[PDB]
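Below is one structure, written out as structure tokens; comments come after it.
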Amino acid sequence: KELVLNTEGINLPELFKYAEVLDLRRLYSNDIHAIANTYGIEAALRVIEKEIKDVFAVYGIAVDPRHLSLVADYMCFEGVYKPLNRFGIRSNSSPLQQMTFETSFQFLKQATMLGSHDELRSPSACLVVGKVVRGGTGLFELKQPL
Amino acid sequence: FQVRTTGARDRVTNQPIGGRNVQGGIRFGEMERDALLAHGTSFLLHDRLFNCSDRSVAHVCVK
Amino acid sequence: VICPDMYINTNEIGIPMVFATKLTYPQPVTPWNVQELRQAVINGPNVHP
Amino acid sequence: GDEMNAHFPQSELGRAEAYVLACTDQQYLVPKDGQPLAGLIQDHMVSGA
Amino acid sequence: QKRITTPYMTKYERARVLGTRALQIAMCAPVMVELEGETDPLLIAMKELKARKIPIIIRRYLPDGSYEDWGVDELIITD
Amino acid sequence: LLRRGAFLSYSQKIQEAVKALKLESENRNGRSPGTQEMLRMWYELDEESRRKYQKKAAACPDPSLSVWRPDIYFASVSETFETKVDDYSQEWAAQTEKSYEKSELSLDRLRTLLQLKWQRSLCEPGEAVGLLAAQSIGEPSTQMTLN
Amino acid sequence: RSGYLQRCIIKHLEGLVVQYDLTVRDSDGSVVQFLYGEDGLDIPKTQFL
Amino acid sequence: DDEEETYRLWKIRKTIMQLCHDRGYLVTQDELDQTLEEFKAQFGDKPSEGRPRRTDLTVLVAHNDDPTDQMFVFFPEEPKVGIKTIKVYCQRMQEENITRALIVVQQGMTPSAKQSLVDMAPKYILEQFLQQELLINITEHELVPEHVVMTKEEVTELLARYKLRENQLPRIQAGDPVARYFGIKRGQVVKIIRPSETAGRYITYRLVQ
Amino acid sequence: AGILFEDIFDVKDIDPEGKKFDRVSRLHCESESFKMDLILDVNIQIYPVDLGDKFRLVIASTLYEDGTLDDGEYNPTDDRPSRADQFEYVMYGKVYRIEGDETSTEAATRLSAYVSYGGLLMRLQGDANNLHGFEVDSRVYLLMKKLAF
RNA sequence: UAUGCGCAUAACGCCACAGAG
């Protein structure tokens, strides 16, 4: 039966003044950017993974923790908290996957200006050129001994 | 009901056409592609989306 | 349209004769399945199998 | 009044990975949280009880 | 070198081994086992997988480009 | 949760009450005279006895999953699973003496059962876990109303 | 609203498969996880563990 | 004033002592467990009167491999710090052949002095911290995992086990708060022990870019 | 003999927990010779039992005194003599748990034994000197008959 | 490409309404 502060609004280093009254070891926040700028990126990763669980747990829905850990490990791959939209797909290696997602003409224009190479290992890029996708039954090849 | 074994193809893309009155094909769209990637069946997508829509043979200069 | 069926197994689907005499499979002819394919060729495109 | 699409694989590779991988028997648990999603429904759970 | 991957055949490998071998028996490849009246090449390929009589090599590509070779005889198959 | 180190242990457990004797000096640069005496003792008064304080304050080893590959090394399970199997081993050891009609099962073959099942429950190489994670965030979202 | 979200998440996370070293890598070799789900296990098979 | 600036100086001394121990410098147990009364005994009270001056609190820790690389921690007097102060600090470092310092400002530096601290060579590695972000050790938080900097022999066997390039490994920024805590150069790989909930502990790796 | 237990019981209560399954009454009984008490589900269409009924309860491992052959296969055609010819209500079920209390002293004068007759349950609790023949997964025959006094 | 008997005929989009799950 502990007592908990709850503020509508965020200033993480403001609460560091009051380290003798508040348990700042267990500070939590909704803003993943505030946690990413105060406690690092590996803390913001656990904030993402906990926030998606808190979204689904209002409705009695339990998504397994391994899915959330993979999604947060992807969105925090580059040291920053990146969105899953057409501005985070600019970092992608494959121009064809960027074209098949959104604004195909802008990514086509960037790939033509930069002279971009596609290694054809994305699942979208293997299906544009009619090649068997690398995941699943395509990570390997079969050889016939002579 | 409708069933399409082979038939007419779109004159731009050489994929089957849509409609059951024109005796056409049904889509294997994007979410079906996604859910069949999740199975790990890659030759089954290669079937549905390359051998049974448009397998053409182009000529390239290898140089 | 789908309808229920209990008297097929759980891993089964019920295919009508409308579709079964229209959907084909390209079975190559080997010496160990030529009797089955030969009876299937004799039956023809409107008699199942 | 629901409708369902029945795709018919035309290669031995597609057949062999539809028997092994995408079979109904292997889809017993949902990938969301590993809980079952094949099970009996309405009349059966009354008469079994 | 020493092969450092799984000794078990994964579920994605037996699908493609049975697919390739049933496509071979779809042509007139010789059958290593005794046909007990089967006409389906998948059932014959499953009997050949169970009897450890498939000679195909799985080349397991690692994501740098490197590989290592496994016969299906030296993989542990399960149900 | 507490901190470790060779010099930290040597100053903590050993030379605290020794430097608790009076010294009567000043802070040179942010340091007490007791800390300067412990630095002097650590530098000169130790020679290959600091190997003792070095090895008695080494870090915890990495988990087995990062050191030994769980697909090719048997019993290389998770730490949570090892805790769970140890608790169930202790709790199951009581029921073979208390509860009647013992069932010809041992501790070690039960541990081997659970460890082999943990090894066989791994993801096979090839599994598109990103599509599964995407479709597992997206499909329950249809059962979530708006505001 | 639920469809465009799932589309965006799929078009980012589609390249992530488990390799033969047990690392979840993107299609360009970028290592996202060193073990899948921080323990390496499959969700349908952790149910009786 | 008093009894509040002494508390702030006690906390930002304790935090930089924990920082210097975590980076691997020789810090005693009494110097880590220094209570506020022991701080009023060692250094003075009444900083407004000036018995603790911020010049008087400058520490010099030394590293446990050899005592050739020791590090200053400066607490500068002026609130807004310009290049005129850090030139004096570099002149203090050049005498005793110090290759690394750490300036704890109380309002932020000017961006010209920021570019000056970057603009020093490998001869002078100067870092800067706000006082406000040293009131608590961020690595003691429950979400912050344990970060371990790796030697170049461990990075080699890392990239050899997975047959991996440093271009493929995940990133951590060099302005990340825990990379600034552990003082990590760009190009070094940081081993991270996550307190996982599905596994017990989980080893991941990130490169500093 | 293959008799595992034999006593004369007396119905002290009927359905105390108040659950009232159709065609089934739970009889909480209590013994005469021993410290035993009984909880028993009986079929009360074919064999009704009232409060205060005194009945003779026998638990056997077989129905044949000429050697415990222990078939378990059911021939209705066998007109050979049985134990069941001297009783009125006969069941057949499996012992699914036995339990007691012990703290380094085995079978310390309390030993429950839970028997299920195809879903009609039964515990037979008392001193463990009478509960020896029971073990888990064993097949037993209940054989009860109302005594007319 | 489909139908009919190598031969003869037919070789589509865009809006807007309405509907199914």
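Sequence lines set the chain letters: A, B, ... in the order given, protein chains first and strands last, and positions in each chain run from 1. The figures here come from the full heavy-atom set of this structure, side chains too, leaving out hydrogens, waters and symmetry mates.
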Could you pull out all residues at least two apart from B/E32 that satisfy salt bridge (charged side-chain N to carboxylate O under 4.0 Å, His left out)? none
Listed by chain and number, what are the salt bridge (charged side-chain N to carboxylate O under 4.0 Å, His left out) partners of A/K131, not counting sequence neighbours? none
With sequence neighbours left out, what residues match A/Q144 under side chain to side chain donor-acceptor pair (under 3.5 Å)? E/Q24
Return the set of residues passing side-chain contact (heavy atoms from CB on, under 4.5 Å) with F/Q143 (not counting sequence neighbours), or none when no residue passes. A/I61, F/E139, F/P140
So, for D/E12 and C/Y25, which heavy atoms are closest and what is the spacing to 0.1 Å? OE2-OH, 3.0 Å
Please name the nucleotide paired to J/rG4 by Watson-Crick or G-U wobble geometry with both distances under 3.5 Å, or report none. J/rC7
Which donor-acceptor pairs under 3.5 Å do side chains of residues 121-130 of chain F form with protein atoms, sequence neighbours excluded?
from   : atom 1 : to     : atom 2 : distance (Å)
F/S121 : OG     : F/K117 : O      : 2.8
F/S121 : OG     : G/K45  : O      : 3.3

Under 5.5 Å between six-ring centres and under 30° between planes, true for J/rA11 and J/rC12? no
Using the ring pair (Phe, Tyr, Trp, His ring centres under 6.0 Å) rule, collect all pairs that involve residues 7-29 of chain B, keeping only residues at least two apart or in two chains. B/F28-D/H7
Using the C1'-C2'-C3'-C4' torsion, classify the pucker of J/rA11 as north or south, with positive meaning north. south
Pick out the pairs of N or O atoms, protein on one side and nucleotides 11-16 of chain J on the other, that lie under 3.5 Å.
from   : atom 1 : to    : atom 2 : distance (Å)
J/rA11 : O2'    : B/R11 : NH2    : 2.4
J/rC12 : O5'    : B/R11 : NH2    : 3.0

Side chains of residues 40-48 of chain E: which donor-acceptor partners sit under 3.5 Å, not counting sequence neighbours?
from  : atom 1 : to    : atom 2 : distance (Å)
E/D40 : OD1    : D/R15 : NH1    : 3.4
E/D40 : OD1    : D/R15 : NH2    : 3.4
E/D40 : OD1    : E/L42 : N      : 3.4
E/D40 : OD2    : D/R15 : NH2    : 3.3
E/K47 : NZ     : E/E34 : O      : 2.8
E/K47 : NZ     : E/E38 : OE1    : 2.7
E/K47 : NZ     : E/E38 : OE2    : 3.4
E/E48 : OE1    : E/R21 : NE     : 2.5
E/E48 : OE1    : E/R21 : NH2    : 3.4
E/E48 : OE2    : E/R21 : NH2    : 3.2
E/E48 : OE2    : E/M32 : N      : 3.2

Distances under 3.5 Å only, N/O to N/O: pair up the protein atoms with those of nucleotides 1-9 of chain J.
from  : atom 1 : to   : atom 2 : distance (Å)
J/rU1 : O2'    : B/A8 : N      : 3.2

Would you mind writing out the side-chain donor-acceptor pairs for residues 48-60 of chain A within the sub-3.5 Å range, not counting sequence neighbours?
from  : atom 1 : to    : atom 2 : distance (Å)
A/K50 : NZ     : A/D54 : OD2    : 3.1
A/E51 : OE1    : A/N30 : ND2    : 3.2
A/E51 : OE2    : A/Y28 : OH     : 2.5
A/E51 : OE2    : A/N30 : ND2    : 2.6

Using the ring of each side chain (for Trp, its six-membered ring), is G/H12 parallel, tilted or perpendicular to A/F101, with breaks at 30° and 60°? perpendicular
Atom pairs, protein N/O to nucleotides 19-21 of chain J N/O, distance under 3.5 Å:
from   : atom 1 : to   : atom 2 : distance (Å)
J/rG21 : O3'    : D/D2 : OD1    : 2.9
J/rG21 : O2'    : D/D2 : OD1    : 2.4

Can you list every salt bridge (charged side-chain N to carboxylate O under 4.0 Å, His left out) pair that touches residues 19-46 of chain D, not counting sequence neighbours? none
Distance check, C1' atoms only: J/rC7 and J/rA18, in whole angstrom units. 44 Å
Could you tell me how far J/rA2 sits from J/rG6 if I compare only their P atoms? Round to whole Å. 14 Å
